[PDB]
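To start, the structure under review is shown below, and the notes come after it.
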Amino acid sequence: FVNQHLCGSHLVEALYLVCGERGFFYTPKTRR
Amino acid sequence: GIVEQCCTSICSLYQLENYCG
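As they're listed, the protein sequences go chains B and A. Mapping to the authors' numbering: the first sequence position 21 is 21, numbers consecutive. Mapping to the authors' numbering: the second sequence position 15 is 15, numbers consecutive.
See the structure below:
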């Protein structure tokens, strides 16, 4: 994750593997 | 938003906590 330029919904899908714990609010649209 | 910021520039866990509530 940290300081690398991985882009589009593969970082939305990886956000559930990276932030991980809570199950999240995530409001800035959803990143298509 | 966080992934737009990661596509253009540097990206940190502080920008995760900005939207990962």
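Don't be surprised by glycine CBs; every beta carbon is placed ideally from N, CA and C.
Under the criterion of beta carbons closer than 8 Å, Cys11 of chain A and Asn3 of chain B qualify as touching, at roughly 6 Å.
Taking the Cβ atoms as the reference, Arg31 of chain B lies roughly 13 Å from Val18 of chain B, outside the contact range of under 8 Å. At a cut-off of 8 Å between beta carbons, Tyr14 of chain A makes no contact with chain B. In the DSSP annotation of this structure, the continuous segment of the alpha helix (DSSP H) that includes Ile2 of chain A starts and ends at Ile2 to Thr8. Rounded to whole angstroms, the Cβ separation of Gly1 of chain A and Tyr14 of chain A is 14 Å, and the two are not in contact under 8 Å.
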